[PDB]
Structure formats: C-alpha cells, structure tokens
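Let me begin by presenting the structure, written as structure tokens, before commenting on it.
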Number of protein chains: 2
Amino acid sequence: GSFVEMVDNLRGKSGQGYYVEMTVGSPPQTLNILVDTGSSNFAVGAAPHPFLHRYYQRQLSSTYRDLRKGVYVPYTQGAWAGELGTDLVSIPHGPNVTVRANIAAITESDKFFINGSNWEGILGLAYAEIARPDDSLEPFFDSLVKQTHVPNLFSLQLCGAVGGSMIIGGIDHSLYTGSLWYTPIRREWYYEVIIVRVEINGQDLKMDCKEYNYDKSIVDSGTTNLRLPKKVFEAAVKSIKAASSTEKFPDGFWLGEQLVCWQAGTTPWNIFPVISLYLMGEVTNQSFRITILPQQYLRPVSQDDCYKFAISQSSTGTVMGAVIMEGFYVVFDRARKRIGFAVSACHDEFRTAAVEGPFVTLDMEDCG
Amino acid sequence: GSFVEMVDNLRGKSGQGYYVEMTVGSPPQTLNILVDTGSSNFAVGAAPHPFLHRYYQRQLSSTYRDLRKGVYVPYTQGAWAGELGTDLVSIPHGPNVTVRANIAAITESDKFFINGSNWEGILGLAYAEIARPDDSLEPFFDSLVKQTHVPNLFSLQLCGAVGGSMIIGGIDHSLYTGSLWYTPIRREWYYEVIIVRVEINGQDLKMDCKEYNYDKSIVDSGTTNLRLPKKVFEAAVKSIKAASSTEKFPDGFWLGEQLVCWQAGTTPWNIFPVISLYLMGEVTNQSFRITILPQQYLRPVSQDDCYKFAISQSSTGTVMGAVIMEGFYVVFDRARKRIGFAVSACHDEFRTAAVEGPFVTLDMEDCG
Ligand SMILES: CC(=O)Nc1ccc(CN2CCC3(CC2)C(NC2CCCCC2)=NC(=O)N3c2cccc(F)c2)cc1
Ligand SMILES: CC(=O)Nc1ccc(CN2CCC3(CC2)C(NC2CCCCC2)=NC(=O)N3c2cccc(F)c2)cc1
C-alpha cells in the first residue's frame with residue numbers, strides 16, 4: 001500500500017473528463033487539470049472565461065519565466081492559443097517532487113473548455129513528437145523524469161458512473177484484480193498500440209486487421225468514446241445491432257444522434273453484447289483480449305436513465321478512449337515501451353469486464 | 001491575496017500545539033507536524049506508539065538516506081531518541097517546493113508525544129546553533145532557503161479558542177490589522193528578543209529590565225505559557241492579584257496547581273488586567289508594546305468553563321509562548337534579523353489585544 005496517498009486523486013463529471021489538482025507557481029496556485037494521454041502540452045486557462053471557475057495569474061507568480069513565444073493547438077472539435085513560459089509545478093496528491101515545467105498560458109480558446117467540467121487546463125501526457133509548437137517543447141512527464149528520481153511510468157484507474165486514480169512512478173496493486181497484460185507501444189508519439197482482432201459476443205468481425213489500426217490505434221484518456229475507422233465502425237454497428245435484436249433502436253441511436261432512456265434501474269444490459277479487442281502481446285504470436293460491457297459503451301447523459309451509444313466513427317484511426325479505459329487499470333509503462341491492462345477494482349451480476357490470455361495470433365506484425 | 005493557499009494551514013487542540021501537514025519521502029507519507037520556533041530539529045515518530053495515529057516508515061521510502069548516526073534531544077519535561085537521515089520533504093499547504101532535508105526518525109521517547117494531540121513529529125524552526133547533535137545538522141528552514149528561491153521569512157497567525165496560518169516566504173496582509181512593529185533578533189539561536197518594560201493595567205512593574213531577560217527572552221510557538229523568570233513571575237503575580245481583587249482566588253491558582261471554573265458564558269474577563277510587554281524597537285531609544293488580554297493568559301482546560309492561569313515560572317529565561325502569540329500576527333523575518341508583531345485578524349466588547357508605539361525608552365541596550 002505504499003502509493004496510498006495517490007489513490008482517488010482524480011475527479012470528473014461523467015463524459016466531461018478526469019482531472020487532477022496541480023499546483024503552479026510561487027506562491028501556490030492550484031488548478032484542476034484534465035489528464036490527457038492523447039496530447040503532449042501542459043496548458044492552463046490564464047485569463048477570465050465564462051466556463052472557468054479560476055485561472056492562472058502569471059503576474060502573481062514570482063517564479064514564472066515568460067518564454068516570449070506564442071503557441072497554438074488546434075483540433076477538429078476545438079482549439080486554444082496562448083503564451084509559452086516555465087514555472088514550478090507540483091501535484092499535491094501525486095509524487096512528492098517539484099519540477100520546473102513548460103506551461104502554456106491559455107489566453108484565448110474556441111470550443112475547448114467545457115461548461116461545468118470543473119477543469120481549467122490540460123496535462124498532455126503523450127510524447128514530445130506531438131507537442132506544439134514542435135518536439136523541442138519538453139512535455140511535463142519528460143521534465144518530471146529528467147529532474148527527479150520518479151520512475152518513468154504512470155498508471156490510470158478511471159472509474160465510471162466520477163473519480164479515479166493516477167499513480168505516478170508505480171503500480172498500486174489494490175487498484176486491480178488478476179494479472180496485468182502488456183501490449184507494446186508501437187511508436188512514442190501518441191500512445192500507439194496494435195489491435196489484432198475484434199469480436200462482438202465472441203464472434204469475429206472478420207475484417208483485415210490492418211483496418212483496425214488504419215492510420216493508427218491510440219490509448220487516449222482525453223477522448224470519451226471508443227472511436228473506430230469508418231469501415232470498422234460500420235461492420236461493428238451491423239454486428240452489435242444483430243446481437244441486440246431483442247429490442248429495436250432507431251438508426252440515429254447507433255450514430256449518436258438519438259438517445260434512448262429507460263426508467264431508473266430497468267436498463268436491459270443483458271440484451272447488449274460484450275465487445276473484445278485483442279491486442280498484440282509481448283511474445284511472438286501471443287495476444288491477449290480486453291472485453292468491455294454495454295455499461296462502458298452506453299454512457300449516461302431523473303425518473304429516466306438516458307444513454308448515448310459511445311462508439312463513434314473516426315477518420316484518424318482508432319481511439320481507445322474512456323469507454324475502454326473505465327473497465328481497466330491501465331499502466332503507461334514508458335520505461336519499457338508498453339501499456340498494461342488489468343481488470344479494475346472499480347459490471348453486473350451476469351457479466352464482468354475482463355482481461356484474458358494468452359491467445360495464439362499469427363502475422364500480428366501485418367496489422368500495423 | 002497571493003498567499004491565500006497557505007491561509008488556515010494550521011490545526012490543533014487547545015493547549016496541545018499547532019501543527020502543519022508535511023509530506024515526506026517517496027511515495028508520499030504525510031504527517032501532522034508541530035510548528036516549533038523554540039527548537040531546531042525536524043523529527044518524526046517512526047515506530048508505533050500508543051499516542052500516535054501514524055508514523056514514518058523509512059523502509060517504504062525509496063528516497064530515504066540513512067545518515068547512520070543517532071540523535072538524542074532532551075528537555076526538562078520530556079525527550080526523544082532516534083536515527084538521523086535525509087529525505088524529500090514538502091509542505092502541501094505551504095511553499096510550492098520540494099527539498100532534501102535532515103529528518104530524525106524518532107524510535108523511542110519519554111513524555112514527548114501528547115495523547116490526543118493529532119501531531120506525530122516536530123518542525124524545529126529555530127537556528128542551527130541549538131540543533132542536535134550539533135550545529136552542523138542543517139535545520140529544515142535553512143535547507144529550504146538554501147535549495148529554493150523562497151524568501152528567508154515566515155510568519156505565524158495562531159488563533160486561540162484551534163486553527164491558524166503559517167505563511168512561508170512572505171506576509172499575508174489579510175491576517176492582520178494596523179501596522180507591524182519590529183523587534184531585533186538579538187542572537188540567532190533561539191528567536192531571542194529584548195523586553196524593556198512590563199506593565200499590569202498600565203502600571204509599571206518597576207523591576208530592573210535585566211531581570212525580564214534573565215538569562216534570555218525567546219519567542220516560542222511550541223510552549224503554551226508565558227513563562228517568566230522567578231523574580232519577575234512573583235512581582236507579576238502580586239500585581240495581577242491586586243488588579244483582580246474584586247474576586248479572590250486560591251494561591252494555587254496563580255501557581256497553576258488549581259483551576260477555577262465559571263458557568264458557560266459568565267467568565268468575568270473584565271475583572272482581570274491587561275498585560276503589556278514593551279519590546280526593543282528598530283531605532284535608537286524607540287520601543288513599542290504588545291498588550292494581552294486575560295482571554296490569552298487564562299486558558300480553557302460542559303456546563304462549566306474551566307481555566308488555568310497560563311503564566312508560569314521559568315529558570316531558563318522568559319518564554320513568549322502561545323499565550324502571547326495568539327493575540328498577534330507574528331513575522332519571523334530571518335532575512336532582516338527581526339520579529340514583527342501586529343494585531344491578529346483573529347477579545348471582547350470592552351478591550352482588545354494591541355500593538356502600539358512608538359515609545360521613548362532610554363538605555364534599552366542595558367536590558368540584555
Ligand atoms: C468542449 C470539449 O469537449 N473540450 C475538450 C474535451 C476533451 C479534450 C481532450 N482531447 C483533445 C483532442 C481531441 C480529443 C479530446 C482530438 N483527438 C485526436 C486527434 C489526433 C488523432 C486521434 C484523436 N480531436 C479533437 O477534436 N479533440 C477535441 C475534442 C473536443 C474538444 C476539443 F477542443 C478537441 C479537450 C477539450
Ligand atoms: C507531552 C508534551 O507536552 N509534549 C510536547 C509539548 C511541547 C513541545 C515543544 N517544546 C519542546 C521544548 C520545551 C517546551 C515545548 C522546552 N523549552 C525550552 C528549553 C530552553 C529554554 C526555554 C524553553 N522545555 C521543555 O521541557 N519542553 C518540553 C515541554 C513539554 C514536553 C517536552 F518533552 C518538552 C514538545 C513536546
């Protein structure tokens with residue numbers, strides 16, 4: 001139980017992201033920061049905004065150093081602009097260290113902050129290759145490992161409906177049951193992995209495995225959904241529809257355009273299939289599988305329980321977002337270039353999320 | 001309001017001391033630490049003890065370094081023994097820094113820990129001259145200032161009945177009203193000061209001022225009482241008795257051997273005198289005075305309110321303990337070798353604690 005003080009250091013509202021407290025500058029300014037394994041910049045709201053309860057005040061921090069360079073980070077859905085600098089940073093419920101880190105002070109944004117989320121910045125935990133303005137801006141975790149003796153590893157327990165744990169520098173055995181199964185990090189930019197097989201209720205989707213990782217597959221704590229490449233999305237929806245045919249749903253439900261609601265406590269979880277993603281293992285021809293329940297891929301949105309189908313389509317590869325992570329204790333073992341999955345200590349009485357192996361899967365190298 | 005996150009970072013039970021959270025080692029181990037300006041060792045309970053809710057577990061800290069030397073710290077009333085080492089230390093509700101500090105792991109003690117106090121160690125904030133085993137063991141605050149940019153200053157707001165604030169690296173203007181008055185630190189060992197005059201209800205005690213500082217006068221957050229040298233104690237008690245003669249008290253009350261209790265809300269504060277200590281100022285022949293109310297020097301010990309007279313005798317000089325500090329915001333300005341007093345933002349409807357000046361006092365140098 002040595003990592004006990006980091007347990008339950010994450011909070012969130014359902015579907016709006018998990019955040020950790022980080023303390024920046026001198027004297028201390030503590031903010032709520034989105035934990036985001038799908039980006040690589042540490043950035044904080046630094047000016048008033050309708051959706052922010054507070055923001056970073058650089059003028060009040062004696063240890064703040066303006067890098068006198070701007071930074072812009074755009075996505076499909078939203079973007080922010082700000083000014084680069086460095087400052088002292090700690091994580092009060094994380095490792096017992098203080099580092100000098102790059103920090104982007106967000107002065108303007110479009111569709112970035114979420115009304116009511118309670119977070120005021122983002123902690124990009126992915127690698128420098130995808131940092132903005134470029135890969136010379138050292139990400140936070142790189143600084144942490146370079147400046148301290150903290151082991152080059154973190155792990156995430158995301159508990160759905162929110163709370164969870166980010167263990168920095170180690171693995172907490174109370175956060176999981178059974179064994180940890182590891183898949184290689186294919187390339188250090190995003191947390192890129194290789195999906196070798198997909199099943200819906202034990203039935204192989206039977207697509208060429210290249211399609212599952214078409215253009216990449218990433219593990220992303222900052223994305224809510226399981227996102228699938230279009231061809232894979234279509235086949236997966238066809239199969240899920242067929243397996244859940246004891247009730248019919250509007251087409252728009254599968255497209256996230258319509259919600260379905262059930263009276264409190266009556267959601268027929270039993271009618272929906274389990275989904276298995278097989279991941280490349282650490283030994284030649286060996287794989288393992290992670291299995292998710294409808295409780296993960298149907299996300300709650302007061303007499304009625306409304307759900308949105310949280311599998312969606314992508315044109316930029318597969319994104320294993322929070323719907324996948326919530327079933328699991330996930331280990332970002334950067335030191336050994338691998339990601340681990342185990343059943344989370346945070347299902348129903350008939351079925352459980354699972355991590356199972358080993359399986360024999362040949363030509364897995366062909367899937368990338 | 002830049003020091004806001006350090007406000008209210010102290011807790012305590014009445015008469016049992018004020019403590020701050022400190023986080024030691026890797027992974028983090030957070031303990032409650034007595035804030036003690038009357039000693040100079042950082043030391044923590046490191047083995048089970050009936051009176052400890054928790055203790056430091058060196059074996060669980062990867063960053064702990066055994067100095068392989070023992071340490072023993074004795075007082076009149078109590079003592080502890082332990083092992084010297086170093087480890088990473090932060091103060092989660094103090095400065096945003098992490099330092100490597102000397103830490104004594106307390107393995108045995110006699111009459112040191114207090115049953116029910118909620119603290120598990122001590123933070124000796126005084127100077128190296130009085131560190132054990134000797135002055136080569138750098139105290140915590142010295143390490144803090146040497147390793148970081150934190151200004152060489154702290155201040156204490158002790159709020160009586162408990163809570164309070166320790167502001168590290170600065171002064172928080174919301175914690176006091178009126179002006180700060182400074183007295184020199186005569187010598188850097190204890191926080192030694194010079195008392196130049198004492199009044200009971202505005203009446204000069206008329207003792208030679210050398211007696212007030214006979215052998216030293218110190219400011220000590222770890223001592224509950226105002227402690228006075230015997231000759232001064234006797235004169236002060238005679239005067240307080242005379243000024244409070246509208247009611248009579250047993251002799252043992254003035255000696256702390258007897259308590260007196262009053263039905264809730266009926267304590268006749270009005271019958272007891274105010275006490276003024278005049279302190280050497282920063283300019284030639286200039287002094288100022290701090291004035292304390294019976295609410296400070298009568299300390300509460302359920303239909304009745306019991307009090308102990310918290311002025312007591314000493315054979316080792318005057319000790320301005322928590323009964324003095326509680327009236328005031330106290331600034332330990334180590335950088336400018338001076339201690340500041342202002343009226344605390346934490347009295348009755350007729351009288352208030354006060355810090356007043358300037359007064360003309362000649363030959364103050366003769367008082368040491
Ligand atoms: C209002 C709101 O919901 N705020 C929000 C939510 C969440 C987040 C973390 N991330 C940032 C980035 C994110 C996924 C989530 C992305 N991801 C990747 C590109 C490369 C390939 C594989 C996905 N595409 C996007 O359009 N994103 C995106 C999504 C929503 C808003 C946004 F501003 C960007 C930030 C901001
Ligand atoms: C059980 C308990 O009450 N625990 C306690 C209380 C408080 C504390 C902080 N300090 C430590 C030291 C203290 C004053 C308070 C001291 N002070 C000075 C010497 C030099 C000259 C001017 C006073 N004399 C003593 O006998 N002390 C002393 C007092 C009580 C217990 C004890 F173990 C030592 C520690 C431990």
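Residues in the structure tokens are named by chain (A, B, ... in the order shown) and by number from 1 within that chain; ligands are numbered from 1 in the order shown.
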
Members of stretch 103-345 of chain A assigned helix (DSSP H, G or I) by DSSP, as a PyMOL selection string: chain A and resi 128-130+140-147+173-175+209-212+230-243+251-254+269-271+294-297+322-325

Chain B contacts on chain A, only C-alpha atoms, 12 Å, as a count of residues only: 52

Test item: residues no farther than 6 Å from ligand 2, counting only C-alpha atoms and all ligand atoms, as an MDAnalysis selection string: chainID B and resid 75:79 111:114 222:223 316

Can you spit out the residues from that selection as a PDB file, in the first residue's frame, using N, CA, C and O atoms?
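This went into part05.pdb:
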ATOM      1  N   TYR B  75      14.757  17.503  27.082  1.00  0.00           N
ATOM      2  CA  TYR B  75      14.266  18.703  27.772  1.00  0.00           C
ATOM      3  C   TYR B  75      13.950  18.384  29.232  1.00  0.00           C
ATOM      4  O   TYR B  75      14.001  17.213  29.659  1.00  0.00           O
ATOM      5  N   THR B  76      13.645  19.439  29.992  1.00  0.00           N
ATOM      6  CA  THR B  76      13.184  19.312  31.371  1.00  0.00           C
ATOM      7  C   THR B  76      11.986  18.365  31.450  1.00  0.00           C
ATOM      8  O   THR B  76      11.943  17.468  32.291  1.00  0.00           O
ATOM      9  N   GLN B  77      11.032  18.546  30.544  1.00  0.00           N
ATOM     10  CA  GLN B  77       9.761  17.850  30.650  1.00  0.00           C
ATOM     11  C   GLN B  77       9.664  16.532  29.867  1.00  0.00           C
ATOM     12  O   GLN B  77       8.723  15.759  30.075  1.00  0.00           O
ATOM     13  N   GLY B  78      10.596  16.293  28.940  1.00  0.00           N
ATOM     14  CA  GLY B  78      10.468  15.165  28.012  1.00  0.00           C
ATOM     15  C   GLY B  78      11.623  15.087  27.027  1.00  0.00           C
ATOM     16  O   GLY B  78      12.427  16.011  26.956  1.00  0.00           O
ATOM     17  N   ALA B  79      11.709  13.984  26.271  1.00  0.00           N
ATOM     18  CA  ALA B  79      12.900  13.721  25.429  1.00  0.00           C
ATOM     19  C   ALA B  79      12.578  12.670  24.374  1.00  0.00           C
ATOM     20  O   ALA B  79      11.637  11.886  24.538  1.00  0.00           O
ATOM     21  N   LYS B 111       7.658  11.038  27.466  1.00  0.00           N
ATOM     22  CA  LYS B 111       6.812  12.190  27.779  1.00  0.00           C
ATOM     23  C   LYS B 111       6.882  13.298  26.703  1.00  0.00           C
ATOM     24  O   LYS B 111       6.752  14.496  26.993  1.00  0.00           O
ATOM     25  N   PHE B 112       7.111  12.861  25.466  1.00  0.00           N
ATOM     26  CA  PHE B 112       7.232  13.770  24.344  1.00  0.00           C
ATOM     27  C   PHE B 112       5.934  13.926  23.587  1.00  0.00           C
ATOM     28  O   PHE B 112       5.395  15.052  23.487  1.00  0.00           O
ATOM     29  N   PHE B 113       5.411  12.817  23.060  1.00  0.00           N
ATOM     30  CA  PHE B 113       4.126  12.865  22.354  1.00  0.00           C
ATOM     31  C   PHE B 113       2.984  13.115  23.332  1.00  0.00           C
ATOM     32  O   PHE B 113       3.074  12.724  24.494  1.00  0.00           O
ATOM     33  N   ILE B 114       1.936  13.784  22.858  1.00  0.00           N
ATOM     34  CA  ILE B 114       0.767  14.099  23.690  1.00  0.00           C
ATOM     35  C   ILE B 114      -0.414  13.248  23.229  1.00  0.00           C
ATOM     36  O   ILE B 114      -0.828  13.329  22.063  1.00  0.00           O
ATOM     37  N   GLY B 222       6.150  26.623  20.359  1.00  0.00           N
ATOM     38  CA  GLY B 222       5.981  25.267  20.929  1.00  0.00           C
ATOM     39  C   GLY B 222       5.729  25.211  22.432  1.00  0.00           C
ATOM     40  O   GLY B 222       5.519  24.119  22.991  1.00  0.00           O
ATOM     41  N   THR B 223       5.774  26.377  23.088  1.00  0.00           N
ATOM     42  CA  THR B 223       5.492  26.490  24.538  1.00  0.00           C
ATOM     43  C   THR B 223       4.117  27.142  24.733  1.00  0.00           C
ATOM     44  O   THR B 223       3.806  28.166  24.128  1.00  0.00           O
ATOM     45  N   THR B 316      15.005  29.392  33.060  1.00  0.00           N
ATOM     46  CA  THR B 316      15.797  29.465  31.836  1.00  0.00           C
ATOM     47  C   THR B 316      15.370  30.647  30.949  1.00  0.00           C
ATOM     48  O   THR B 316      15.450  30.580  29.714  1.00  0.00           O
TER      49      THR B 316
END

Exercise: stretch 322-325 of chain B partners within 7 Å, only C-alpha atoms, chain neighbours under 4 positions left out, as a list in words: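 Close residues of stretch 322-325 of chain B: residues 158, 221, 223, 224, 225, 226, 292, 296, 297 and 330 of chain B.
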
Within 10 Å of ligand 1, counting only C-alpha atoms and all ligand atoms, residues as an MDAnalysis selection string: chainID A and resid 15:18 34:39 73:80 109:115 117 119 121:124 130 190 215:225 227 314:321
